> 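To start, I am sharing the structure in question, which I have written as structure tokens.
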Amino acid sequence: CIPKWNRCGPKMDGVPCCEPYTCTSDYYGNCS
Amino acid sequence: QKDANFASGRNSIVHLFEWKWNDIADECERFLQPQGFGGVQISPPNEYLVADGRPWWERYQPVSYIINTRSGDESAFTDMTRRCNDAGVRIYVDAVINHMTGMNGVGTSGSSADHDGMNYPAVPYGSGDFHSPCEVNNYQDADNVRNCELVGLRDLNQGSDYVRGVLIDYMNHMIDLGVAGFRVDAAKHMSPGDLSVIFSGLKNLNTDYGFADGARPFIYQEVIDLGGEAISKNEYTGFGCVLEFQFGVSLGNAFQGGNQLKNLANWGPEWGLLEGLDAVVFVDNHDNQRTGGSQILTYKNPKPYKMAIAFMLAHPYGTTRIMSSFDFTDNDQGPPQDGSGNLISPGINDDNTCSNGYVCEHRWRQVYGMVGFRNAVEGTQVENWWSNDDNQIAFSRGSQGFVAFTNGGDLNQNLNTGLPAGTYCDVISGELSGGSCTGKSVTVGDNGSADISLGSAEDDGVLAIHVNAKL
Ligand SMILES: [Ca+2]
Ligand SMILES: [Cl-]
């Protein structure tokens with residue numbers, strides 16, 4: 001999973017943010 | 001690589017997020033130079049993907065290295081570098097070199113972007129120039145983080161001689177056009193071994209723009225290291241500076257009451273931060289100001305935000321960067337644009353604030369006033385440190401400047417400012433104008449002592465005075 005503050009975009013690759021964080025975007029954001 | 005190459009008597013880099021080249025050129029002459037700023041970090045100037053809705057992040061999906069984006073073409077770019085450099089304000093390029101696009105489409109210059117087949121004709125790049133697909137999903141594995149695709153974006157292979165050549169050419173082209181350095185995007189997702197080679201192939205800065213002979217491009221890298229990962233920020237400080245993410249996180253907490261201000265007495269490497277000369281610090285950046293929490297201070301929480309920025313600019317630690325945002329309610333929302341997708345230029349109001357949807361934090365009196373403070377105290381160290389053993393602190397920078405903060409209770413103390421006798425204008429609430437202080441003023445006695453007053457109910461929780469704002 002992606003640790004806090006790192007790049008995320010679940011709709012692109014399905015990789016989730018590590019709990020308990022969520023992505024600020026579906027395509028290009030950060031886990032916070 | 002670690003020298004910002006600022007002109008004499010200047011400090012701070014302002015991120016003019018999504019600003020056009022023509023507007024930055026104007027800003028360099030009319031505001032940045034007069035207020036003593038050192039440089040501007042510009043948004044990616046190379047051709048990138050035209051994404052649906054024109055979000056801010058489309059700029060982080062390169063299609064080629066042609067200098068033509070919503071910010072302008074190469075002519076506008078050169079006009080900007082010529083004018084800014086003449087004004088003594090440096091330009092730092094946001095270099096997106098870890099990847100290309102995450103989907104098919106066209107770039108801002110009309111070039112084709114074929115993510116599916118890994119073809120980018122304008123460069124050109126083909127399948128052999130990328131790492132075999134896989135996705136970044138395990139930060140405890142350095143190889144996964146660096147060699148796989150970051151959120152679906154095709155991952156370039158900087159190990160390839162062809163690719164290195166292309167990247168070196170792009171960066172040297174920027175150097176020829178007068179840039180002073182680079183903000184390296186997603187540095188953590190690239191191998192230091194490849195980066196050292198690339199940065200070593202960069203030519204010295206162009207003397208035609210006012211740089212000294214032998215000047216090397218300033219390199220500052222985005223790593224995002226908060227501990228507990230396979231990759232460390234220390235792996236990148238051998239060839240450049242690293243953007244110290246821990247700085248804003250710790251300051252954001254302290255100034256929001258999560259830590260007593262008196263504890264900032266040993267602020268620096270003891271707190272787990274990089275050695276000062278290797279760090280570029282900031283309170284918030286374009287990425288983290290869009291958060292699902294409130295750990296990061298932004299323009300939407302004015303009071304503590306300005307306090308953190310003031311502390312950053314008063315303290316001698318690192319090279320400082322100031323964020324300059326556009327108003328937003330949604331995280332994917334792009335900058336102000338018209339019906340056709342063209343960027344709307346910031347308008348300058350009579351009170352020096354911006355219109356058309358730009359926050360312009362760099363134009364806030366409390367912010368530029370502190371940039372002036374930093375210039376006035378250049379070369380000094382923290383002295384006369386004081387605290388009420390809680391949330392009220394004060395300290396001077398040599399005998400050139402003094403600053404006081406309160407994040408709890410009213411501050412009313414006769415403190416030793418270390419400053420020469422005289423009447424000083426508080427640069428936070430006002431400034432020296434027409435021979436008088438437009439805001440608060442502080443009278444320093446023959447001994448350097450002075451009555452400092454700062455109510456917890458004032459619009460700001462910081463007071464700052466220095467020798468260049470003296471009556
Ligand atoms: Ca990579
Ligand atoms: Cl950054």
Side-chain angles (χ1 to χ4, degrees), chain A residues 5-7 13 15 28-30, chain B residues 12-18 39-44 56-57 59-62 92-102 118 125 129-139 141-160 163-164 167 181-195 197-198 218-226 230-231 233 235-236 240-249 274 279-291 296 298 312 318-325:
Chain A
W5 306 121
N6 285 274
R7 189 65 61 220
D13 58 5
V15 186
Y28 187 101
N30 67 79
Chain B
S12 298
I13 296 171
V14 181
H15 183 193
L16 294 177
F17 191 40
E18 293 284 356
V40 177
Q41 177 190 298
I42 65 174
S43 289
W56 64 271
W57 51 253
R59 293 218 188 215
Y60 293 90
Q61 290 192 52
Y92 304 95
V93 173
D94 190 333
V96 183
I97 63 172
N98 175 75
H99 53 258
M100 297 306 278
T101 74
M118 294 179 163
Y125 278 143
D129 303 314
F130 299 87
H131 284 137
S132 41
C134 50
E135 48 184 33
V136 177
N137 58 18
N138 182 14
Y139 287 65
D141 180 359
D143 288 319
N144 178 258
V145 174
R146 294 171 167 141
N147 304 318
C148 293
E149 300 176 350
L150 181 62
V151 300
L153 309 173
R154 296 306 201 188
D155 208 67
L156 288 165
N157 177 10
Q158 300 83 17
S160 162
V163 176
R164 292 173 176 183
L167 295 181
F182 305 90
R183 175 241 178 211
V184 183
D185 183 72
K188 174 157 72 178
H189 297 282
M190 294 181 281
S191 309
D194 292 321
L195 294 180
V197 170
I198 294 173
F218 182 53
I219 300 289
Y220 61 110
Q221 315 158 89
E222 179 193 41
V223 180
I224 309 174
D225 182 7
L226 298 181
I231 296 173
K233 58 190 181 186
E235 298 177 50
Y236 301 81
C241 289
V242 171
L243 283 152
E244 179 54 272
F245 206 91
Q246 186 70 67
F247 185 98
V249 169
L274 284 163
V280 172
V281 299
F282 49 99
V283 176
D284 69 325
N285 66 23
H286 78 274
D287 196 43
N288 69 18
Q289 67 178 188
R290 286 163 176 77
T291 43
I296 302 300
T298 73
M312 171 183 80
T319 294
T320 53
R321 189 183 61 189
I322 300 167
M323 180 62 201
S324 203
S325 329

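Counting starts at 1 for both ligands and their atoms, in listed order. In what follows, every chain begins at residue 1, and chains take the letters A, B, ... in the order their sequences are listed.
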> So if I apply the side-chain hydrogen bond (donor to acceptor under 3.5 Å, both in side chains) rule between B:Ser325 and each of B:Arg290, B:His15, B:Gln289, which one comes out positive?
B:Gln289

> Output yes when B:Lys188 and B:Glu222 qualify as a salt bridge under the 4.0 Å nitrogen-oxygen rule, no when they do not.
no

> N/O/S atom of B:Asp155 under 3.0 Å from the Ca ion (ligand 1), yes or no?
yes

> Pick one: which of B:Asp284, B:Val14, B:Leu243 meets side chain to side chain contact (heavy atoms under 4.5 Å, CB included) with B:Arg321?
B:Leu243

> Does the side chain of B:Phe282 reach to within under 4.5 Å of the side chain of B:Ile13, using non-hydrogen atoms?
no

> Would you say the Ca ion (ligand 1) has B:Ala186 as a near neighbour, meaning an N/O/S atom of that residue under 3.0 Å away?
no

> Provide the atom name of the closest N, O or S atom of B:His189 relative to the Ca ion (ligand 1).
O

> Within B:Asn98, is some N, O or S atom less than 3.0 Å away from the Ca ion (ligand 1)?
yes

